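> Could you have a look at this structure, given as structure tokens, before my questions?
Chains as they are written, first to last, in the deposited numbering: chain E, 10 to 24; chain F, 6 to 71, 98 to 206; chain D, 17 to 462; chain A, 52 to 208, 267 to 723; chain G, 2 to 68; chain H, 889 to 917, 929 to 940.
Here is the structure:
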């Protein structure tokens, strides 16, 4: 049921 | 990559050379020092990768020695000439000890070889050899330490050449 | 050609004059094999010629070839020579002048090569060793840029003329810049030390053209070889020919000099290793590899200088020109065009290996083997046709006559190809006249 | 601006910033984007670029992706806005982002998500919250013809309108011309018209991380959305399809190339799905099941595309399908869809969600742009080298073996300029000897050998001479299955000759050695697909970097060279390398066929007997 | 004796058959392939060998791909 | 014929890409991982 949503935008962040 | 180190150990017993001066023979200690310096100059002359380590073995202690002439060679020689005169001027006999501190000088040489080998670039291999010149009488009590030095050198595979002038020493033969 | 190659062919007088400089003797000794160095050390204080058999008996029989090579090197360099030893023997003795200068250099004594800068004191405008290296790179970059023909590089006229005598660039049309030859491209693909070495070899072969003494230049080069990095030296005490040569070197960037009126000059690491030729400096820390090679025959350059862009464009098709990056593709057309221009595949492969990016150094092969093989195949396809003009002999009525004429041709060495079964052969047109006359004479002899 | 070297001078429009090492992306104003795989930020940049950019080249180090309006619409359907994407690009672009690229994104993003198409009560409604654009669309005469009107000719009247089903595809092309792409949003949970199906996922089913990621990309905001997904052969594509069907749980239709694929899908659903077998029916010409109670149907393009008169039962099945409303439809080998007959099937079937799964998308007829509106944008495409490293797929060891042509063959090769020239280079005796040596080597190595040969005559000749099974045109199904099962289990049989039918007409038993002799003529997609289908992950050789072996026998100096180079273009774009080998060690020691010259001369006689008619 | 002076060419026998085809078909025009000498060698006139090289290069261009 | 087989072997084995490769090997003289099973045997 994990198919509802998935994003990795926060993983793309300045470090 | 052949990093050849030529270690020179000198029998700097003042008694033997004083007697030889009394004999007024053709050969003196100054000639021995000049020959050693010339040999070291030739060793560094053969290749840049070659390195020189010269330690003077005196009764008091062991001293690390190191115009148409090579500038670096001139500087090294003047350093060595400075070191030997510095030792001789301060060379005061205080005690009845006559045997040369042969084992201790060898241990210092081995430690210096180990230090340089650690500093050797891994892309190059360091062959090391030790040359010792014998003039005075051999030492008796240093036998255990001498054997330990021989064992350590054989473990690290370091050739040791002994040069006899007057007195033969079976310890050097076995070494 | 290495340093001994130029030395090995010199006339006796030049070698004798060069041996008058102790630094020259030091360099020559350091260039000797280890066995040769041992021999010289043995002969250091020998005032008597040494019998040839006596010297030859010291070395092992198996290592005689190395011994014989060392012996021939010593003889050709005239380090030693043979003397009519009394009793019919032929002794071997070093050159007295060479050995004397070597002993002077090693043991000391004699006059120094040049005075120090303590007379003039510390330099008011002293520079830095990295700055010296950067300037030397800039000068060589300027030379390569001028060879490319970009207007960003302006050099002296004789410098271009120097290359013209070197054969790199030929002035097809006067007034216009000379067009660089194929050998020029081959040199351009060579690595910087080889570039400098070949350029200086060409300079030496044409030393007499400028009226400059051959002996002085070589001895000065040997002196520069042992120079201390970051240290200047006195310009004074040198001939006007040496002054002009030093001006040429400063124009090359091998030596740094503030002004033409300056009496100090700083040798550079590039000039330091010039004496060694191509070998010796195996641990050269060059610029990091900025070129990435992908399996799709694509190259990526982390550079901005027009020099590397031009170099890559000589053999590949540019696709994108980023401010700090360049994307090009390896194509059969571009590679074959470069080969037709005279560049060999091995030069391209070696150059790519030189500038390989450290990321690609992680791979067990420096470059993808498939790409290397494809480059080699493209190079081979260019010269598939074997063109050989010649004269065909095919009218041999007797096999014995054909065999005899084949023997005569192999005696003459003008045979191109032969077929005993068909009794046919091919000869060079120049040797054809000789073989034709021989054939007629044999019929005349018959 | 163009430099004299051919490189486009982009320095002026790309202002570099000092964040070089940190920022791994290069954004060329041409639309191409470059990423460094060695960067520490590769993974995040990779994931970001997958949603927003279409991949072009994926070699070991420097990857190139491309930006398309379809990619941007797919990213919007994922749920990413303009500002976040632009900010992430700026944080990753080494230089300044070109304004034209920025303007292009601005133009595309605004027009996205405007027009929506909904299928309800067998009626297609075009709706938007902005009637101004809707009213503007009424102007188009093509739209006017496409828009459903009354039987009197009068056009019908949040405002929407019904649309003619048979005019949908032409409208879709017009939407791009109108710059308002359709929005394929499905009520994954809000559907009430179509009842659910008692079908679930058995615990034996495991979703690999890339599989789950692709599924989550497909199911934006929990709602199923039509699209195209690229999965390498043997990556459990059928498992992914079964998983998606179970997830949607609505009426499910699957289309395959042959009945063998239908049986594979049925076995997969029996292997993973919990649906009752009684609700599973195959609309095949041989095995027929009533459409009634068929919760999930598997069929083929030809059965639905049979324009000629069909069986009366088939008429009933078609009527039931048209009456049935399909929440979900599944299409396999999407590259085949651009054909007119198979495209007509899309108009025939009324389905809400249509998902296409395939291994390749490089149609040699470049009929893929219109395919973006037939189904949708490409949702996902996994990195083949990455799956190789992860061990999911066998690491293929690829070789190009050059066989010099016999001069007599070569002279005749030059002699013939027609299509008959194919037989000349496809029947090279030196190639035959090389193939025989390779077969002996791999049989001594105890490997499964699959010989692919497009030419029927060449394949039969090779198989008969080598005394091996051969598969060709007719290939009676019982004999075919018998030979396949012998190959799978019988150790005596490990060399199978398969003609062009081996691409998609049936499943290929897993092998390790694949030797390609005959080419279609540059079918860079077909042969690559067949190669990927042949070779799959094998246990035991997992540690080694070369667990699968593929060899292409190419006749030197022939037109086969150009075909091979054109064909391997896609595989090189996939990061697969091909090493050229000319000399085969060990051939001289071994005795092989056509050792003597007249044997090759006899073969030349046999081939020339097959004139242009054959 | 009548002995001819021309150019010797050594290549693969496939190229030999290609040259035979060119001479027989007269694609080069006049019969410049005067005589063959070996299974891997031929003897031609240098007058037209340059243009012959062009035709040879064109053939291998056809058996290639442009990128 | 034995002579026919020898001629065919010489021709095929050295027709185009050996007439220079053999000479290069005579005039000259990672890889293991990049070599094929039949090249390593």
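For every residue, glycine included, the Cβ atom is placed at its ideal position computed from N, Cα and C.
Rounded to whole angstroms, what's the CA-CA distance from residue 642/A to residue 458/A? Just pull it up for me.
29 Å
> From the DSSP output, which residues share a beta bridge with residue 61/F?
15/F, 68/F
> Helix, strand or coil: how does DSSP classify residue 286/D here?
Residue state, collapsed to three classes: helix.
> Does residue 924/H have its Cβ less than 9 Å from a Cβ in chain G?
Here chain H breaks off after 917 and picks up again at 929, leaving residue 924/H without coordinates.
> Along chain G, in chain order, which residues have C-beta atoms closer than 8 Å to that of residue 308/D?
For residue 308/D, there are no neighbours in chain G by C-beta distance under 8 Å, as the nearest C-beta there is about 19 Å away.
> Sorted by chain position, which residues of the same chain lie with C-beta nearer than 8 Å to residue 140/A's C-beta, five sequence neighbours on each side aside?
For residue 140/A, same chain residues with a beta-carbon under 8 Å away, outside a window of 5 residues either side, are 76, 78, 148 in chain order.
> Are the segment 300 to 308 of chain A and the segment 441 to 456 of chain A in contact at 8 Å, needing three or more beta carbon pairs?
no
> Taking Cβ positions, are residue 436/D and residue 420/D nearer each other than 9 Å?
No, Cβ-Cβ distance for residue 436/D and residue 420/D is not below 9 Å.
> How would you label residue 406/D, buried or exposed, when you count the other beta carbons within 10 angstroms and need 16 or more for buried?
buried
> What residue ranges within the segment 76 to 155 of chain A form continuous alpha helix (DSSP H) runs of no fewer than 4 residues, ordered along the chain?
93 to 103, 120 to 129, 133 to 143
> By DSSP, does residue 407/A sit in helix, in strand, or in coil?
strand
> Work out the CA separation of residue 463/A and residue 931/H for me, nearest whole Å.
48 Å
> So which residues of chain D does residue 47/G contact, with C-beta pairs closer than 9 Å?
403, 405
> Work out the CA separation of residue 281/D and residue 118/F for me, nearest whole Å.
40 Å
> Under 9 Å, do residue 493/A and residue 665/A count as touching if we go by C-beta distance?
no
> Helix, strand or coil for residue 413/A? Go by DSSP, reduced to three states.
helix
> Given a cut-off of 9 Å, decide if residue 407/A and residue 391/A are closer than it, judged by their beta-carbon atoms.
yes
> Is the beta carbon of residue 461/A closer than 9 Å to that of residue 430/A?
no
> In chain H, what lies closer than 7 Å to residue 445/D by C-beta?
In chain order: nothing, as chain H lies at least about 24 Å away.
> Would a check of beta-carbon distances place residue 47/D closer than 9 Å to chain A?
Taking Cβ atoms only, chain A never reaches closer than 9 Å to residue 47/D, which makes this a no.
> State yes or no: is the beta carbon of residue 905/H nearer than 9 Å to at least one beta carbon in chain D?
yes
> So the beta strand (DSSP E) residue 435/D belongs to, where does it begin and stop?
431 to 435
> Determine, using beta carbons only, whether residue 912/H comes closer than 9 Å to chain G.
no
> Report yes or no: do three or more beta-carbon pairs, one from the segment 20 to 34 of chain D and one from the segment 92 to 99 of chain D, lie closer than 8 Å?
yes
> Please check if any C-beta of chain D sits within less than 9 Å of the C-beta of residue 105/F.
yes
> Taking only the alpha-carbon atoms, compute the straight-line gap between residue 150/F and residue 65/D and give it to the nearest angstrom.
45 Å
> Find the residues of chain D that neighbour residue 50/F, judging by a C-beta separation of less than 8 Å, and give them in chain order.
42, 45, 46, 122
> Applying a beta-carbon distance threshold of less than 9 Å, which residues of chain A neighbour residue 920/H?
This model leaves out residue 920/H; its place in chain H lies between 917 and 929, and no residues are given there.
> May I ask which residues mark the beginning and end of the beta strand (DSSP E) holding residue 97/D?
96 to 100
> Using the Cα positions of residue 348/A and residue 314/A, report the straight-line distance between them to the nearest angstrom.
8 Å
> What's the call for residue 132/D, buried or exposed, on a 16-neighbour Cβ count within 10 Å?
exposed
> Given this structure, state the Cα-to-Cα distance separating residue 225/D from residue 164/D, to the nearest angstrom.
26 Å
> Mind checking which residues open and close the alpha helix (DSSP H) that includes residue 26/G?
14 to 26
> As an exercise, report each continuous beta strand (DSSP E) stretch of at least 3 residues that is fully enclosed by the segment 467 to 491 of chain A, in chain order.
487 to 490
> With a cut-off of 9 Å, does the C-beta of residue 930/H fall near any C-beta of chain A?
It does not; no Cβ of chain A falls within 9 Å.
> How about residue 178/A and residue 268/A: are their beta carbons less than 9 Å apart?
yes
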